[PDB]
Amino acid sequence: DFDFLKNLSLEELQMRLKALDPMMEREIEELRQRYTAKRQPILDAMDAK
Amino acid sequence: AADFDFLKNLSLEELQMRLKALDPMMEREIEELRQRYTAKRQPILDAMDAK
């Protein structure tokens, strides 16, 4: 909950909003990476039989 | 489990189960991420409606 937003422009609020979605998507992508590294040994162990 | 040397002594069926179990946990963590970003947008949206 930012407080510096009131005395801030409407164009500049829109930018801040727009910046968030890509930040989330990289965070999701990096989340998905931890899980790819979690799956990897399990998959390889299945190949080992 | 992060180590191959442990998991390779486990049965095929148990390995399929450990594998399937990661999906719901991941999807939960993602939803959680989404909910935190909902909180970041709220102050912007409010500030916009106040102008």
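Below, chain A is the first sequence line, B the second, and so on; all start at residue 1.
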B:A2 versus chain A, the contacting section by heavy-atom distance below 4.5 Å: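 Looking at B:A2, just its backbone touches chain A.
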Please report the closest heavy-atom contact between [X] and [Y], naming both atoms and the distance.
{"X": "A:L13", "Y": "B:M48", "result": "C-CE, 3.3 Å"}
{"X": "B:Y37", "Y": "A:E27", "result": "OH-OE1, 3.4 Å"}
{"X": "A:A48", "Y": "B:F4", "result": "CB-CZ, 3.8 Å"}

Rounded distance [0.5 Å steps], CD1 in A:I42 versus CD in B:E14: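 CD of B:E14 is found 10.0 Å from CD1 of A:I42.
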Interatomic distance, A:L5 atom CG to B:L45 atom CG [nearest 0.5 angstrom]: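 Going from CG on A:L5 over to CG on B:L45, the span is 10.5 Å.
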Which atoms of A:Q40 approach chain B - backbone, side chain, both or neither, heavy atom under 4.5 Å: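 Neither; nothing under 4.5 Å.
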Per-residue contact mode, A:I28 against chain B (heavy atom under 4.5 angstrom):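 Interface part for A:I28: both.
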B:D5, CG atom: more than 12 neighbouring heavy atoms under 6.0 Å: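 Yes, CG of B:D5 has more than 12 neighbouring heavy atoms, counting only those of other groups under 6.0 Å.
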NZ/A:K18: more than 12 non-hydrogen atoms of other groups inside 6.0 Å: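 It does not: A:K18 NZ has 12 such atoms or fewer within range.
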Set of residues satisfying side-chain contact (heavy atoms from CB on, under 4.5 Å) with respect to A:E29, sequence neighbours excluded: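 Here the qualifying residues are A:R32.
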A:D21/B:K40 salt bridge by N-O under 4.0 Å criterion: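 Answer for the salt bridge query: no.
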B:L10 reachable from B:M17 in the ILVMFWY side-chain graph, under 4.5 Å edges: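 Not linked; separate clusters.
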Sidechain-backbone polar pair: B:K8 side chain, A:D44 backbone, donor-acceptor under 3.5 Å: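 Checking the backbone N and O of A:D44 against the side chain of B:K8, no donor-acceptor pair under 3.5 Å is found.
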